[PDB]
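These notes are about the structure you will find just below.
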Amino acid sequence: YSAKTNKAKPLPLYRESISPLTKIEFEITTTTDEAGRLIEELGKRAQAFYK
RNA sequence: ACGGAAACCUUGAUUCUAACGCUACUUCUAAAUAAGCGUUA
C-alpha cells in the first residue's frame, strides 16, 4: 500500500503463514537482574515501541 | 737325547621384584532467513 498511489498493489510473493488468532506459547529464562527488569518490562516497552 | 712330558681358569647363577602417563577444564560468546516495489499503464 503506497501513500503516494493511495492503493494496494499485489506482488508475486506467496507465503505459508500462520492464520490469525493462533495461540503459541514461549518460555523465556533470565539469569541476571537487569535482564529480569527488561523482560518484566517487555510490555509497556512493546507499547512504547509501537507508539 | 729341548727344567722337559701330560693339564679348559672350568662347573652352577633370569639385571629380577613393585609402580594406571595420571589429576582439574562446557568447542563457548552476541545474531528474526530477512530487506527494497520504483516508473508506466
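Identifiers in this document derive from the order of the C-alpha cells: chains are assigned A, B, ..., residues are numbered from 1 separately in each chain, and ligands are numbered from 1 in order of occurrence.
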Would you give me, as a list in words, the residues of chain A that come within 10 Å of chain B, using only C-alpha atoms (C1' of nucleotides)?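 Residues passing the distance filter: residues 1, 2, 9, 10 and 11 of chain A.
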Include C-alpha atoms and write out the residues we just selected as a compact mmCIF listing (two decimals), in the first residue's frame.
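Printed below is out-v7.txt as written:
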```txt
# COMPACT_ATOMS: atom_id res chain seq x y z
CA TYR A 1 0.00 0.00 0.00
CA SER A 2 1.60 3.24 -1.14
CA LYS A 9 -0.72 -3.33 -5.41
CA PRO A 10 -0.35 -7.10 -5.36
CA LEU A 11 3.02 -8.74 -5.86
```
Which of chain A fall in alpha helix (DSSP H), as an mmCIF file with C-alpha atoms, in the first residue's frame:
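Output saved as states22.cif:
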```
data_model
loop_
_atom_site.group_PDB
_atom_site.id
_atom_site.type_symbol
_atom_site.label_atom_id
_atom_site.label_comp_id
_atom_site.auth_asym_id
_atom_site.auth_seq_id
_atom_site.Cartn_x
_atom_site.Cartn_y
_atom_site.Cartn_z
ATOM 1 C CA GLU A 34 18.970 -6.318 34.617
ATOM 2 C CA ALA A 35 17.599 -8.741 32.086
ATOM 3 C CA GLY A 36 14.837 -9.568 34.566
ATOM 4 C CA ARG A 37 13.802 -5.917 34.652
ATOM 5 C CA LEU A 38 13.996 -5.810 30.852
ATOM 6 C CA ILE A 39 11.808 -8.890 30.339
ATOM 7 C CA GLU A 40 9.320 -7.942 33.069
ATOM 8 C CA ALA A 46 6.316 -3.011 23.259
ATOM 9 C CA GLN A 47 3.651 -0.327 23.719
ATOM 10 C CA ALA A 48 6.273 2.444 23.632
ATOM 11 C CA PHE A 49 7.889 0.933 20.527
ATOM 12 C CA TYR A 50 4.513 0.657 18.805
#
```
